[PDB]
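Novice: I need the structure of the sequence given here:
(one chain, ligands or ions: 2)
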Amino acid sequence: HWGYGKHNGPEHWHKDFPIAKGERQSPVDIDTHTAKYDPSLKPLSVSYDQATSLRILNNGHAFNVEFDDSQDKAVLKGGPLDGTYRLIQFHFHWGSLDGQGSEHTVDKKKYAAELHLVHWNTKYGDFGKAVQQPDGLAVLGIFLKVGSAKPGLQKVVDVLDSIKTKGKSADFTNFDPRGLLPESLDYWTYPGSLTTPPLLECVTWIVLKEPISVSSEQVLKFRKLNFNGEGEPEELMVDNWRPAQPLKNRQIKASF
Ligand SMILES: NS(=O)(=O)c1ccc(C(=O)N2CCC(c3ccccc3)CC2)cc1
Ligand SMILES: [Zn+2]
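Specialist: Numbering: from 1, shown residues only. Ligands and ions are numbered 1, 2, ... in the order given. The structure is reproduced below:
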């Protein structure tokens, strides 16, 4: 199946998932000078005070911190969105080196990693039905640069030992996602897709202008994870990012 290796990586995905060459694929390069300020964009509304994390999972491509999305406990609204989107999970994409790792790029600049807080439009009933809709998902992207440590991320870093290989999971309750946010909520927004197969074009991307900083130690831990399952040859989980795709007939809007 698909992955990020030289033989099953992004350049191969189109064979099993032809939408890979679609009209609204993600990620994309964010040309800051070409993005247009849209004064009609409402302020983003992040309501995570009632968030309920349940567990963390190594799925073989990245690791997901899942939340209870059976109720409106942690929602995203406002901004370019119409309606209420529930947070279902967040994960990251990172590189083998600090100079790479993010999926989106800013004026071609690559960050060491990128956080994706995934939400689905409640009007669609569940995540599965939502990914089948043009406005089914809202993914909040947050760039990570290496510098000072991000205190709110350490709980995540310290649990990675428990889910080193594909398929492992561990309880991860009472984790507060608000600790992963930058001070500013200024953002860029554009219509796109999931950045991994099936690459469905069901995402409204909201990428924050301000990156958060994490320490070299924190990111190093990410790089000790495995793509493989226990008892299989060790393949470090690194560079699990898709490169920038053609913007085509789309325009990136800025909230600032
Ligand atoms: N990187 S990202 O764009 O943020 C992103 C976000 C979420 C997922 C994700 O969970 N998968 C697995 C489940 C699959 C699916 C679920 C239900 C019905 C059909 C398909 C969609 C993709 C992948 C990439
Ligand atoms: Zn992602």
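
Novice: pretty sure residue 80 contacts residue 45?
Specialist: No - the pair residue 80 and residue 45 fails to qualify as a contact (CB atoms under 8 Å) at a distance of 11.7 Å. (Each C-beta comes from the backbone N, C-alpha and C, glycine too.)

Novice: those two: who's more crowded?
Specialist: residue 80 (20 against 13; other CB atoms under 10 Å).

Novice: now that one: closest residue in space that isn't a chain neighbour?
Specialist: residue 189 (4.5 Å; CB to CB, 6 or more residues apart in numbering).

Novice: I'd guessed the one you found sits against residue 255; true?
Specialist: Yes - using CB under 8 Å, residue 189 makes contact with residue 255 at a distance of 7.1 Å.

Novice: common neighbours of the two, please.
Specialist: Residues touching both residue 189 and residue 255 (CB atoms under 8 Å, 6 or more residues apart in numbering): 41, 79.

Novice: who in this protein is up against ligand 1?
Specialist: Counting by CB under 6 Å from any ligand atom, the residues of the chain close to ligand 1 are 116, 118, 127, 128, 131, 139, 194, 195, 196, 198.

Novice: from those, which land in helices?
Specialist: Within those, residues falling in helices by DSSP state H are 127, 128.

Novice: hmm, which of the residues of the chain next to ligand 1 are the buried ones?
Specialist: If you count burial by 16 or more other CB atoms under 10 Å, the buried members of those come out as 116, 118, 127, 131, 139, 194, 195, 196.

Novice: quick one, helices of the stretch 101-250 of the chain?
Specialist: 127-130, 154-159, 216-222 (DSSP state H, counting those that start in this stretch).

Novice: would you turn those helices into CSV with distance to residue 4?
Specialist: Shown next, in CSV, are the helices of the stretch 101-250 of the chain (distance: least, CB to CB, whole Å):
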stretch, distance to residue 4
helix 127-130, 23
helix 154-159, 21
helix 216-222, 14
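
Novice: ok, back up a step: for the residue nearest to residue 80, the count of nearby residues, please.
Specialist: 21.

Novice: now do the contacts for it.
Specialist: Counting by CB under 8 Å, 6+ apart, residue 189 has contacts 41, 79, 80, 204, 205, 206, 207, 252, 253, 255.

Novice: so which of these is the closest to residue 35?
Specialist: residue 252 (4.2 Å; CB to CB).

Novice: give the contact list for the spatially most central residue of the chain.
Specialist: Among the residues of the chain, the one closest to the centroid is residue 116, at 2.0 Å (CA atoms, centre = their mean). Contacts for residue 116 (CB under 8 Å, 6+ apart) come out as 90, 91, 92, 93, 139, 140, 141, 195.

Novice: run through the bridge partners of the closest residue to it other than its chain neighbours.
Specialist: The shortest distance from residue 116 to any non-neighbouring residue, by CB to CB, 6+ apart, is to residue 139 (5.2 Å). Applying DSSP bridges to residue 139 gives these bridge partners: residue 118, residue 205.

Novice: residue 239: which of the contacts of residue 116 is nearest?
Specialist: Comparing those against residue 239 with CB to CB picks out residue 93 as the nearest, at 8.7 Å.

Novice: any idea how many residues pack against that closest one?
Specialist: 26.

Novice: quick one: secondary structure of it?
Specialist: State at residue 93, reduced to three classes by DSSP: H, G, I helix; E, B strand; the rest coil: strand.

Novice: what's near enough to touch it?
Specialist: Contact analysis of residue 93 by CB under 8 Å, 6+ apart lists 62, 101, 102, 103, 113, 114, 116, 195, 240, 241, 242.

Novice: good, we can wrap up now.
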